[PDB]
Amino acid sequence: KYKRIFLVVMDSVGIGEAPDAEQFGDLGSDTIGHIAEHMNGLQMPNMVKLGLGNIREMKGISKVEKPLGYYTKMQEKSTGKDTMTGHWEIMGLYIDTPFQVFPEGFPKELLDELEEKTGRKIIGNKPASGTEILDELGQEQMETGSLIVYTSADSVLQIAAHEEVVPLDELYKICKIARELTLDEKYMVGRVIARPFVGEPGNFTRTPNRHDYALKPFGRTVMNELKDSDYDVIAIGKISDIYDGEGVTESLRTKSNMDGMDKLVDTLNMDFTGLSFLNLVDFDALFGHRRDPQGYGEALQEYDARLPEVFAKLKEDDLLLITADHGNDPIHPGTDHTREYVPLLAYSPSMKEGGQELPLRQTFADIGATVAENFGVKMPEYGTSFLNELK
């Protein structure tokens, strides 16, 4: 049916609280809706043309009589609302065990065991930017040989040490220890990150010697199946990292949302057969977690303005899928993601009559099931394809 599928995850761009939002303390959450209200009307005319307002009408986002493609929202079935859970579900899995975040730092039980296994004390133990934590604790780390352990708003455990105090190979081994300790549901972290730095007090800089220790998806994904069947799987942005490279044939790293759209355009220009899969992370990383609705709105408007060029490049046998992985409502309390429905837009220029409303997707895995059916690869255990509906 389709030679190429272009899948775009607008990271954290949720479309209103899910039925189980209360389980997470996420009642009232509405990412796009609250941004629209803050912007006094979001300017997203191209998403509107695709049918975004037909899913839900929000300030500045109204329904259209003839949407370019098909539209609906998706409900998350997996236990957690983190990025890995969302993406793993999108590609055909079901994840019972959520990844955890640590707004007050890591539990004493974990750090005590890390201290025992490394013969070093742990300092910091809080959310912080790389720069902030080095300014505060970099000197102490140097003087003592303690390990700086910190986190972000996401499911990460970061370990900073001066390269002349803890040599790279030693820091990597420490991170591997930390990775094994954090394969535990009491404190399951998405990735352990080595954060080596150099310099002197008041002038510390992190080195390009960072290493990541991620968990692989809890199952063979639709990406695995595509790769194993000799299809192209082109990962753009954080996609390769999120899946620990599983099922990825080529990875295109990006530096911003606009760079991600440039790479999407690059893949439109490529002759491939299979999947081009983009994550636009700025929404989540720069605006959602920082609870910055203005910046979030601006980012959404910048993204929307790039879309007509994508529309112009799509072929008759190309499918464009636009969705999200969870919410991250920039006016919600705290710094965590929000449990929300995610929008789904499915567009191909071969839809000569435009689109219609699809039935609500009961799991994100419906995307994976649709991709798998299209390319004739092994169907995921979870998910219901909407491929036949796109006609």
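In this text, residue numbers run from 1 along the sequence as written.
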Comparing 118 to 126 with 153 to 161, which stretch shows the greater average C-alpha B-factor in the deposited entry? 153 to 161
Per the entry, higher mean C-alpha B factor between 243 to 251 and 207 to 215: 207 to 215
Whose C-alpha has the highest temperature factor in the PDB entry: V265, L147, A285, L226? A285
By the recorded C-alpha temperature factor, relative to the other modelled residues in its chain, which third is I331 in? middle
Quick check on the deposited entry: does the C-alpha B-factor of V192 sit in the lowest, middle or highest third of its chain? middle
Is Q100 in the lowest, middle or highest third of its chain when residues are ranked by C-alpha B-factor? highest
For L390, return the chain-relative third of its C-alpha B-factor as stated in the PDB record: lowest, middle or highest. highest
According to the PDB entry, is the CA B factor of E113 in the bottom, middle or top third of its chain, that is, lowest, middle or highest? middle
